[PDB]
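Structure first, commentary second.
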Amino acid sequence: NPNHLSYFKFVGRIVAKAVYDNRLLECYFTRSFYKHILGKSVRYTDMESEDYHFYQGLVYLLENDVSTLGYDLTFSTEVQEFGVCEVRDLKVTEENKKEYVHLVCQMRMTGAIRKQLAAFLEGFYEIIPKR
């Protein structure tokens, strides 16, 4: 849909209008999307539901030495957004991976939806103050 951001801004408006009316909607959004509307980071455990094999990759990075990978990785990942695939930077080491799993989960949640989210957040903050 070439206007999809506008529809996401409408539904963000509709969420904030439902909140304003004190009326319950049958929405059941992910914890990731609720965190984005709260301005909270996602957690790696959220990936378990969104991309189990990606959660498993991060869990193979956790509690294992990078030496178990047998090839190097860096803060860059191939991401499909809007059906275009592009390699995007995220900014590897024993110190960086702690952030990589956080940051890679940020990229995987928002990168493909960042513009829909920005429309939703404009619709939301239009009616319900962020703070």
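Simple scheme: letters A, B, ... for chains in structure tokens order, numbers from 1 for residues in each chain, numbers from 1 for ligands in the order shown.
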
From the DSSP assignment of the backbone, select every residue of segment 26-120 of chain A that is strand (DSSP E), and format the answer as a ChimeraX atom specification.
/A:76-81,84-89

Generate the output file for the selected residues, N, CA and C atoms, as a PDB file, in the first residue's frame.
```
ATOM      1  N   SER A  76      26.928  -5.821  11.521  1.00  0.00           N
ATOM      2  CA  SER A  76      26.225  -5.608  10.268  1.00  0.00           C
ATOM      3  C   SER A  76      25.414  -6.854   9.955  1.00  0.00           C
ATOM      4  N   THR A  77      24.214  -6.646   9.424  1.00  0.00           N
ATOM      5  CA  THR A  77      23.285  -7.736   9.168  1.00  0.00           C
ATOM      6  C   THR A  77      22.545  -7.461   7.872  1.00  0.00           C
ATOM      7  N   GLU A  78      22.136  -8.525   7.188  1.00  0.00           N
ATOM      8  CA  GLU A  78      21.290  -8.367   6.018  1.00  0.00           C
ATOM      9  C   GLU A  78      19.853  -8.282   6.513  1.00  0.00           C
ATOM     10  N   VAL A  79      19.158  -7.224   6.109  1.00  0.00           N
ATOM     11  CA  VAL A  79      17.790  -6.959   6.527  1.00  0.00           C
ATOM     12  C   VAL A  79      16.936  -6.775   5.281  1.00  0.00           C
ATOM     13  N   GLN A  80      15.789  -7.446   5.256  1.00  0.00           N
ATOM     14  CA  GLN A  80      14.745  -7.171   4.278  1.00  0.00           C
ATOM     15  C   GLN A  80      13.763  -6.157   4.858  1.00  0.00           C
ATOM     16  N   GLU A  81      13.702  -4.983   4.232  1.00  0.00           N
ATOM     17  CA  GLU A  81      12.739  -3.941   4.556  1.00  0.00           C
ATOM     18  C   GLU A  81      12.002  -3.573   3.277  1.00  0.00           C
ATOM     19  N   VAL A  84      12.938  -4.943  -0.098  1.00  0.00           N
ATOM     20  CA  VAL A  84      14.304  -4.702  -0.546  1.00  0.00           C
ATOM     21  C   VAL A  84      15.218  -5.318   0.501  1.00  0.00           C
ATOM     22  N   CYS A  85      16.206  -6.086   0.061  1.00  0.00           N
ATOM     23  CA  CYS A  85      17.223  -6.600   0.966  1.00  0.00           C
ATOM     24  C   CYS A  85      18.501  -5.780   0.867  1.00  0.00           C
ATOM     25  N   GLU A  86      18.990  -5.336   2.025  1.00  0.00           N
ATOM     26  CA  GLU A  86      20.173  -4.493   2.125  1.00  0.00           C
ATOM     27  C   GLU A  86      20.976  -4.941   3.335  1.00  0.00           C
ATOM     28  N   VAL A  87      22.299  -4.915   3.216  1.00  0.00           N
ATOM     29  CA  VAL A  87      23.147  -5.106   4.387  1.00  0.00           C
ATOM     30  C   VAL A  87      23.289  -3.765   5.094  1.00  0.00           C
ATOM     31  N   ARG A  88      22.925  -3.734   6.370  1.00  0.00           N
ATOM     32  CA  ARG A  88      22.906  -2.518   7.164  1.00  0.00           C
ATOM     33  C   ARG A  88      23.839  -2.692   8.353  1.00  0.00           C
ATOM     34  N   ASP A  89      24.609  -1.647   8.635  1.00  0.00           N
ATOM     35  CA  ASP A  89      25.404  -1.593   9.852  1.00  0.00           C
ATOM     36  C   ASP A  89      24.522  -1.506  11.091  1.00  0.00           C
TER      37      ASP A  89
END
```

Just want the 12 Å neighbourhood of residue 18 of chain A, counted on only C-alpha atoms, with same-chain residues fewer than 6 positions away dropped. Output as a list in words.
residues 11, 12, 24, 25, 26, 27, 124, 127 and 128 of chain A

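If you look at atom CA of residue 75 of chain A and atom CA of residue 30 of chain A, they are 25.6 Å away from each other.
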
Would you mind writing down, as a PyMOL selection string, each residue of chain A that DSSP on the backbone assigns to alpha helix (DSSP H)?
chain A and resi 4-21+31-38+44-50+52-61+97-110+114-127

Distance query segment 103-110 of chain A at most 10 Å, only C-alpha atoms, self and fewer than 5 positions along chain excluded, as number ranges by chain
A: 32-33, 36, 41-47, 50-51, 54-55, 58, 75-81, 88-91, 97-98, 115-118
